[PDB]
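Here is the structure we will look at, set down as structure tokens.
A note on names: the letters A, B, ... follow the listed sequences, proteins ahead of strands, and every chain is numbered from 1. These values consider heavy atoms only, across backbone and side chains, with no hydrogens, waters or symmetry-generated copies.
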Amino acid sequence: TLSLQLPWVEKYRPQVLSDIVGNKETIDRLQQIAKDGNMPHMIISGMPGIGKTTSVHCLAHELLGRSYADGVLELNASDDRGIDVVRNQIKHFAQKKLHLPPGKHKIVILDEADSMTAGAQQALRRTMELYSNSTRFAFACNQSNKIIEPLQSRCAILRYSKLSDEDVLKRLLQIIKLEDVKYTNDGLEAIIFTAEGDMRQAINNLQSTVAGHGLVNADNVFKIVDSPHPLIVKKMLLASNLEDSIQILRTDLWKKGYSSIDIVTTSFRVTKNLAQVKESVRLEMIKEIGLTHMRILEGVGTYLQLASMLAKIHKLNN
Amino acid sequence: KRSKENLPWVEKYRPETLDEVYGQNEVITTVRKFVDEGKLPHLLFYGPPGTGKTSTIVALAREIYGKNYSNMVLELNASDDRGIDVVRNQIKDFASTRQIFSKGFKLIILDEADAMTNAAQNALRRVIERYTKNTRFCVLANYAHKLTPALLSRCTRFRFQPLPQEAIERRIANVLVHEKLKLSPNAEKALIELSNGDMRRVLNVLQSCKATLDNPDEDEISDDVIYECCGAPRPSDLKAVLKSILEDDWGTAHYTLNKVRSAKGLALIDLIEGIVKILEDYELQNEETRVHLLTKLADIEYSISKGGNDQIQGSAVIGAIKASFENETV
Amino acid sequence: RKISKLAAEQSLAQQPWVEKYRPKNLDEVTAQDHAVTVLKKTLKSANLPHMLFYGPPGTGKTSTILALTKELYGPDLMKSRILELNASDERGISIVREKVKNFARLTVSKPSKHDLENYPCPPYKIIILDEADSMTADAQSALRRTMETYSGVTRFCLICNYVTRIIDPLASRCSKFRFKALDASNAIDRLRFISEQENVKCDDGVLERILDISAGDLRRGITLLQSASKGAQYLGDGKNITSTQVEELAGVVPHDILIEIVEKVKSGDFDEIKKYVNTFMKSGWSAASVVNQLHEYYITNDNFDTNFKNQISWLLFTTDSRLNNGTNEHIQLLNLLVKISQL
Amino acid sequence: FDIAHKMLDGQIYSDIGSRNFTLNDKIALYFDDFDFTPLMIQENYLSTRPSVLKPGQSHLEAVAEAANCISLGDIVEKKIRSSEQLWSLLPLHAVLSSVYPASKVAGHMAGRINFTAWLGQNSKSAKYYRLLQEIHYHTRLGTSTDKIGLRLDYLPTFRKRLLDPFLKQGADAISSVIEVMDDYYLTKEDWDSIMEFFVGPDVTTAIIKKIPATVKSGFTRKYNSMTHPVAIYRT
Amino acid sequence: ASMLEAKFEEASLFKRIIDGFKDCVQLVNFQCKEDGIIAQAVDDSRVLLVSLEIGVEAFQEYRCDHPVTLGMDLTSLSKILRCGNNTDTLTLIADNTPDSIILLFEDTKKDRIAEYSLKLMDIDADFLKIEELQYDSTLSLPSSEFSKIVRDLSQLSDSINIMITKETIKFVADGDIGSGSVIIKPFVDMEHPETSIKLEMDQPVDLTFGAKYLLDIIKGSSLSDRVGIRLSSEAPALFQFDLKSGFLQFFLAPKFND
Amino acid sequence: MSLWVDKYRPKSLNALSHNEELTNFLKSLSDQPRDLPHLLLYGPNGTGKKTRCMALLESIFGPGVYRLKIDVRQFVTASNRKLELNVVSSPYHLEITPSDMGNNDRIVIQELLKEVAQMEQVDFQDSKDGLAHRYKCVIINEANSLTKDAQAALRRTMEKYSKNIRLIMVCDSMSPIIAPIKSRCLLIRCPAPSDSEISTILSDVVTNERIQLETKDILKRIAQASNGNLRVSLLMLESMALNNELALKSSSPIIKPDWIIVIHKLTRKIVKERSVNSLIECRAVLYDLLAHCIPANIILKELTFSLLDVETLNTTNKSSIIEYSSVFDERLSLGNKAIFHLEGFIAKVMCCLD
DNA sequence: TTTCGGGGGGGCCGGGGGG
DNA sequence: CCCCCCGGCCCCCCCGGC
Ligand SMILES: Nc1ncnc2c1ncn2[C@@H]1O[C@H](COP(=O)(O)OP(=O)(O)OP(O)(O)=S)[C@@H](O)[C@H]1O
Ligand SMILES: Nc1ncnc2c1ncn2[C@@H]1O[C@H](COP(=O)(O)OP(=O)(O)OP(O)(O)=S)[C@@H](O)[C@H]1O
Ligand SMILES: Nc1ncnc2c1ncn2[C@@H]1O[C@H](COP(=O)(O)OP(=O)(O)OP(O)(O)=S)[C@@H](O)[C@H]1O
Ligand SMILES: Nc1nc2c(ncn2[C@@H]2O[C@H](COP(=O)(O)OP(=O)(O)O)[C@@H](O)[C@H]2O)c(=O)[nH]1
Ligand SMILES: [Mg+2]
Ligand SMILES: [Mg+2]
Ligand SMILES: [Mg+2]
């Protein structure tokens, strides 16, 4: 078959600010800005798949209307964004003459701005300062720390928070109603649990489950979406007896095809984020895990090394 | 390249259709259903070496486009340049343009994407998003930690498990039929055991075994042939060595280890692996015995990985096992 | 000035014995039949797979691959059908992507009529990556699809001492061949043949002692035999070479010195052990040889209980591992002797 | 400086303080300047009054544990910057080099926080090694040793045969010094560098200063008023 | 040096043919048969296909005992070709099951001989027969005019939109600094037939193409003074340049309408 | 003039004094040098390894080996940095110390040594047999300081071009030499001279230089202070003669190097005071020692063996000290910044003593 | 400080085209 | 025959975890 079905992430991508779930206060602020205009330079930061690009595009559309094509300059990591681009194309766009209503400005949308080089960011400073009367800049990024301090000083900070399970369930229910998808409460709970606050991941998993099995229930959802291995690693590290930890390692991780490097890196991360355990114990476990990680990187990526790491961790915990 | 009979068995038996991929029934069924109704999403294939990921994606492309699939797909791997410039120009142009031959959608196969740079992966995000109406991406990986979370967020994940024994048996039967070979049940069991779920190992060992037989037509591949060609210890040798270590005194254990190793020139690392596998099933009253065994044997394995004195390493193995098992009394 | 070039046979006649007696064909490889038979069968099967030779030093891996290429192609067609890269050449990721790929994609060189009539001439070329364990992980990863895509005209040979240094995908792609250690049981015939060819006279068991001292390395044994032959020829007495002369040439500690060390350890006094070791290090004995001899003496002694041997085995393993990292021999030896004396 | 001050603060390592400033926060603090954080920690981990000592543990024991961890971290760093470029080990290097040793001696800074002194010492060592190499290859044709052997064995005798004559015979020993210099292809810069190498009770700065200026002027004049041989002929 | 032997009276012809598409593709498989030489290649992006055909009449002498496939790299072939002069005859020579191809430049008047050898490459790109397609529009125009239009409009934008409607051909570009539009109409002159603009329309068409691909395509204007463009809504655009005994064809896929 | 250690260095095999068995073995090797394998001379520092190598070369080729010249070779890295290597060469042999360029020593092996290896011998260097020499000799000093990559590069170079060159590697210890290189070489142990041989050499030097000695015992004492290092013994004799107006008395003291005195003072301080402030002062002393080209391994060895000679320590303290020394010597081998490991060792010793 | 590899930005050099 | 435009090397500088 040479035909494609449009992904539901694109088909049901919000087109207005009112269709975005989560971060209610920021969405209301953006709605007020759209109503009144005078949009300032802004930096929107947050975790993947929470509606940052969607928010920026919706704000630009509501602000500009018919003028969107002329008054919006969009650049992302897939386009050329070197110092020359900033110095020529962005400057030309900023200096461009464009008659707009008495409360609107041209918009430059720099998506994934955290990937831009230091030189381009430095060149953007006086460009933003001088042409603010007619042009405004909207950065979208995952890590606001990558944006240099002078640019942060020039922009309004908007830190997006993770989506609660309630909002994900609400959006999934809207999509299900619009698509007439047969489902069960347990299946939706499994999808939400596996998504971990990633709306895009949740929608993709729902669409894949519907396509592959039809009915959205726990069995089909877990068949399509594998249980995250970090939870398995956490269970392995928290086991009371060495035999149980070895059992988990051999059955749920090693026999499923997970590589030793992945297992050791996930163990390091989980141990780092193990608040239930005393910090000094966590540091000793990290020392052992690092020894094992160095051994694996050298080339000895065997099940015996991971078993020895588990044995040392249990000896420390005892 | 005069004929397909000149190719190594690992490549001469490469599946050409989705019906020739074994041990991945769930993934094959799901992808076949996706393609049948035109609901193919962006795909990720994560799995260990030699499980059938490249074979599966190539078979899927051939099924979608037919024999002339190479000209209608953009395949990139670790042997080709995949920098940020490549993503910006070549991948973008392929994704944004129509097919030359047909009017169908376009497929981009990023094999071994775990070797891609972070900048290229980041550049791929909006490329995947913008052109999803007419283009689809497939990613293949052995190590998931090398893939950025943004890329993983946009793909549907399929895990290729280590090949089950039944699938290996069926493929071995097909290969035996094609090659006009004979294999004993014990030889098949040993081959499956040493495969560790990798089909390439099975095929290479079978080719070596065929090369070993004086008369490949009349002769049959026995476990002895497999052990000789692979130069691996027999289960009886491992059992004898372990029994001597556990029961006999130091002199007798040293003599037995040396004699067993010198009988066929076995490697110490293979003996250590076999003994570890045997001891895994042992029921130990004290967990400290298991702790000592694992730690000391892992240390010895790491030391062997860098060379060193072989006799001292063997004595270390003997002493480590004896000391660890001394903790089962009190 | 200038010197007339020497003939191949004349030049080889005055080479070191290790190079002089390098195998010229697959039939001259001594104790690697389990793999040599498989390689030989490819002369007729003509379906040679990708090969990963791995083994300890001086076991016959490079010799085996060179002999196989010679037998497959012949003296005239070898050069056009072989691309060899080793640790003395740059092998970065860019090199793998460009040069190796370009050679792998080339059409095979046209065989001559004589070559076709005299040699099997398989329809593919060979890329040898000797000392492949020195290549980085990324460069190795760059070879994965090159190996499979162009397997119809190219085959790869990777040779190494440490198989763990090869990434798992490459090891999976290649057919593995382990080269066994060469000892007195499986390598005596070749050494005896070399000694007879060079007319070396030695006492009974001298060759066995040489092979035992070599500890799996036939190159070392041949070099030791050449040294002993040179000594005997210089002496001019005509007497047979003895095991004592071989041991002295090999740097083996005399038994009396080992017994003195054992007695000092038994005494247990730190000052005496330190003084004796300080005097001992002046002789220049290799620490590895001393550790090996001590291990042999202690493990095979019936006057020590199981616990003592259990502890001493781990002590010797730790000392050997530390020495393998290039540590100060004096400090490590003194520490080992003190720790043994405290058992 | 702020990173060193915060990482060595004992409050963040307490039961209550660890839940607010978590281990992830400390790793991020290291990643703020990974290049300089381990150096600052190694520089300032011996200048604190700890408040995290375990019952029965002295300050010296915790210092020794921190030093051991710092050595392990140095090994890890050497691994990172090798031909394999194992940058994925950077987080582990954060724990071994900064977080663990700091947690072992966390407390109140007993004095002013000092910038790392390792870089200046490294530059000085590189300069002195370059000078030693120059001297060694100037005297290679005469001596039989490596540069290390030249520094450890030859230099004291060269001092005895180069500096002592000035202090003992006054200005009448200039000829002997010049003869020795010529025999080993040594120049005036080589003489000064050699005199600059000695440590302990053999320091020559005060001794060189105490020499009468007339003797030094005469030595320079005599050296400049004659031809000398050249060891390495550059072309 | 007997299996395949082809002769070009002037080496400039083969050099110009190679330069016509050397910037589009890198690896090309030339298939030589008794009826002449053909070649088909696809660029790395898989957006442009180049198809070259040269008949026997283009050669002073041509002999090919059996069909032979030769895989070549374009930059190496061009580097070898540029060595020869414009007054020297060229000869392509290949043996049975060759591993290389020989290029011989001859100058009888000066008795000058120049031999070059190029190693062949194994390319698993089977010749894909391009089934003939009916096109909505077929327009033939001078090569210079098309090249000028492409060079002018490519400066403004990276995409060029071609519209064919009743007795009118429009080339449009829209970019950051402005837009450009060129309108041409059919016109025939008997005094200067070489400058005529010929248009045959069945259905109107409107297709967008990448500017870089058009810039590469126009490099074949040297081979022929006129260019024929065939456009259909359901087929890729076909740009053809006619040689004395052959042709060079560029099949360019249009951009997705979205 | 030239120091007595250099002035009286033997220049031939027949001129060697100590280790007659080694001299006979070297003569046997030089009897038929056409098929001489690669040589690896290992032994304690300052025993005469370089002297014996030069004597062997003289026996093989002739006195011309001692006519040495120095040239400079330029190398470029992947980063475009320019490095200079000082090459000591003679008409028959070439000497190199690749470790001079640190991690770039591999370059020397890949370009310089390979270039020399691919060049055949064409100059008519008539030998004792009657024909001309066919190979050149390459000496690698401080071969044990080479990086593993450089040794790997040497691996196949020594085999492919053995017909063109022969390698002689001199080392104070074989522990850092990788197994393949050792397999590729003929190992030669060079024992240190005995006390009597050192005394005889010193007496010959004294007679040649006309030095007044109250009794021969003084020389014996010098030998005892040398610990088998002949170069150190000769230099100490010259220093003592200069200090005592070319007249040695039974009461003349033994002169130690400045760094030895500093290390002994550091050992005394460590034994006396065990505190964090004392550790800071020890760090300052270590920095001073390192800044003046005192290798870290030498510092560690000297400090360990000075601590082990303290009469106030018991057996447990000495055992702990030697164990810590072994551990931190391994750490130094695998480490980059030596000061970290030295400070860790000192802290562990201080904890063990207290 | 810095042992590969990737990315970016700036400087010349030189082929080709135009007048 | 000479001048100008513009593609391609060449070099040098800077991250490298989440
Ligand atoms: N708050 C949201 N409400 C509704 N849909 C959402 C929301 N967030 C994400 N989605 C859905 O997921 C798709 C992708 O959302 P995006 O705005 O691209 O997330 P993102 O944070 O910009 O992703 P990154 O940071 O570039 S990885 C949208 O088209 C929506 O279909
Ligand atoms: N499921 C399978 N069924 C049949 N043959 C298989 C299967 N998997 C692997 N093989 C065989 O092993 C060879 C390699 O299979 P691949 O598809 O390349 O495995 P892979 O997972 O892509 O390896 P990596 O991840 O690149 S190391 C095939 O040509 C087959 O001959
Ligand atoms: N199996 C063997 N049969 C005969 N001679 C051997 C054999 N192995 C080693 N030798 C001898 O030792 C010399 C070196 O053999 P090699 O083939 O170079 O061993 P190697 O395994 O390749 O060494 P490495 O791994 O590079 S240290 C040969 O020239 C032979 O003279
Ligand atoms: N008289 C005499 N002096 C020797 C002999 N061997 C070495 N020496 C002296 O000892 C010095 C040091 O020898 P050297 O080879 O440089 O030491 P090594 O290379 O570190 O082993 C030399 O300068 C000689 O003067 C010998 O056999 N006889
Ligand atoms: Mg986004
Ligand atoms: Mg694959
Ligand atoms: Mg080899």
Notebook entry, point to check: chain A: which of B:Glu301, B:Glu63, B:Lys39 shares the most heavy-atom pairs with it under 4.5 Å?
Noted result: B:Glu301
Check: With distance as the sole criterion, is a donor-acceptor pair present between the side chains of B:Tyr302 and A:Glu298 under 3.5 Å?
Finding: yes
Check: Top residue by heavy-atom pair count (under 4.5 Å) with chain A, among B:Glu288, B:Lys306, B:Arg136, B:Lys103?
Finding: B:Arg136
Notebook entry, point to check: Relative to chain B, which segment of A:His229 carries a heavy atom at a distance below 4.5 Å: side chain, backbone, both, or neither?
Noted result: neither
Notebook entry, point to check: Counting only N and O atoms by type, is there a donor-acceptor contact under 3.5 Å from the side chain of B:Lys33 to the main-chain atoms of A:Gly212?
Noted result: yes
Margin query: Please tell me whether B:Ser153 and A:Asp198 have a donor and an acceptor in their side chains that are separated by less than 3.5 angstrom.
Written below: yes
Margin query: Counting heavy-atom pairs under 4.5 Å with chain A, which one of B:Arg159, B:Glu287, B:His42 comes out on top?
Written below: B:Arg159
Next item on the list: Tell me, out of B:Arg130, B:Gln161, B:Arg126, who's got the most heavy-atom pairs with chain A below 4.5 Å.
Entry: B:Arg126
Notebook entry, point to check: At a heavy-atom separation under 4.5 Å, does A:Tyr258 approach chain B through its side chain, its backbone, both, or neither?
Noted result: both
Next item on the list: Give the member of A:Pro48, A:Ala195, A:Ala211 that has the highest number of heavy-atom pairs under 4.5 Å with chain B.
Entry: A:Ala211
Next item on the list: May I have the step-by-step check of side chain to side chain contact (heavy atoms under 4.5 Å, CB included) for A:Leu4 and B:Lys133, ending in yes or no?
Entry: CA-CA 7 Å; A:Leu4 283 176; B:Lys133 194 229 173 55; over 6 Å; no
Notebook entry, point to check: Based on non-hydrogen pairs under 4.5 Å, which of B:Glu129, B:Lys296, B:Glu26 is most in contact with chain A?
Noted result: B:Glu129
Item checked: Under 4.5 Å from a heavy atom of chain B, the part of A:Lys223 involved -> neither
Margin query: Using heavy-atom distances under 4.5 Å, tell me whether A:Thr265 contacts chain B through its side chain, its backbone, both, or neither.
Written below: side chain
Notebook entry, point to check: Within the side chain of A:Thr1, is there an N or O that forms a donor-acceptor pair under 3.5 Å with the backbone of B:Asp36?
Noted result: yes
Notebook entry, point to check: Looking at CD1 of B:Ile84 and OG of A:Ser115, how far apart are the two atoms once the value is rounded to the nearest 0.5 Å?
Noted result: 7.5 Å
Next item on the list: Take B:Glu273 and A:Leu304 through the side chain to side chain contact (heavy atoms under 4.5 Å, CB included) test and state the conclusion after the steps.
Entry: CA-CA 9 Å; B:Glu273 262 47 71; A:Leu304 181 61; 4.2 Å; yes
Item checked: Between B:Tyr46 and A:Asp226: side-chain donor-acceptor atoms closer than 3.5 Å -> no
Checklist line | chain B contact via A:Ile224 - side chain, backbone, both or neither, heavy atoms under 4.5 Å | finding: both
Next item on the list: Name the region of A:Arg81, side chain, backbone, both or neither, that has any atom closer than 4.5 Å to a heavy atom of chain B.
Entry: neither
Item checked: Interchain contact, B:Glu280 with chain A, by part (heavy-atom threshold 4.5 Å) -> side chain
Margin query: If I measure from the heavy atoms of chain B, does A:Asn318 come under 4.5 Å with its side chain, its backbone, both, or neither?
Written below: side chain
Margin query: Which residues in residues 85-102 of chain B have any heavy atom closer than 4.5 Å to a heavy atom of chain A?
Written below: B:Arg88, B:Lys92, B:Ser102
Note to self: Is A:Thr302 close to chain B through its backbone or its side chain, or both, or neither, when contacts mean heavy atoms under 4.5 Å?
What the structure shows: side chain
Note to self: If you count heavy-atom pairs within less than 4.5 Å of chain B, which of A:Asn76, A:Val9, A:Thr53, A:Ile246 leads?
What the structure shows: A:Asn76
Next item on the list: Measure B:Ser305 against the heavy atoms of chain A and call it side chain, backbone, both or neither at under 4.5 Å.
Entry: side chain
Check: Has A:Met47 got more than 12 heavy atoms of other residues, nucleotides or ligands less than 6.0 Å from its CE?
Finding: no
Item checked: Proximal component of B:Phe105, with respect to chain A [non-hydrogen, under 4.5 Å] -> both
Item checked: A:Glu243/B:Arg290 under side chain to side chain contact (heavy atoms under 4.5 Å, CB included): CA gap, chis, key distance, verdict -> CA-CA 9 Å; A:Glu243 232 50 59; B:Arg290 188 78 81 193; 3.7 Å; yes
Note to self: Using only non-hydrogen atoms and a strict under-4.5 angstrom cutoff, which residues of residues 142-152 of chain B touch chain A?
What the structure shows: B:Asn142, B:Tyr143, B:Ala144, B:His145, B:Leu152
Next item on the list: Grab the two heavy atoms, one from A:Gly257 and one from B:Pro48, that are nearest each other, plus how far apart they are.
Entry: O-CD, 3.7 Å
Notebook entry, point to check: Of the backbone (N, CA, C, O) and the side chain (C-beta and beyond), which part of A:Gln207 lies under 4.5 Å from a heavy atom of chain B, both, or neither?
Noted result: neither
Notebook entry, point to check: Between B:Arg154 and chain A, which part of the residue has a heavy atom less than 4.5 Å away: side chain, backbone, both or neither?
Noted result: both
Checklist line | Which atom of A:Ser78 lies closest to which atom of B:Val127, heavy atoms considered | finding: CB-CG2, 3.5 Å
Note to self: At a 4.5 Å cut-off on heavy atoms, which part of A:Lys315 comes close to chain B: side chain, backbone, both, or neither?
What the structure shows: side chain
Notebook entry, point to check: Looking just at side-chain N and O atoms, do A:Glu10 and B:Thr132 make a donor-acceptor pair shorter than 3.5 Å?
Noted result: no
Next item on the list: Measure the CG-NZ distance between B:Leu294 and A:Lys312 for me, rounded to the nearest 0.5 Å.
Entry: 10.5 Å
Checklist line | Other residues, nucleotides, ligands: >12 heavy atoms within 6.0 Å of A:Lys272 NZ | finding: yes
Item checked: Heavy-atom pair count under 4.5 Å with chain B, highest-scoring of A:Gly299, A:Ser208, A:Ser260 -> A:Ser208
Next item on the list: Mind checking the CG-CD spacing from B:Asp299 to A:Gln305? Nearest 0.5 Å is all I need.
Entry: 8.0 Å
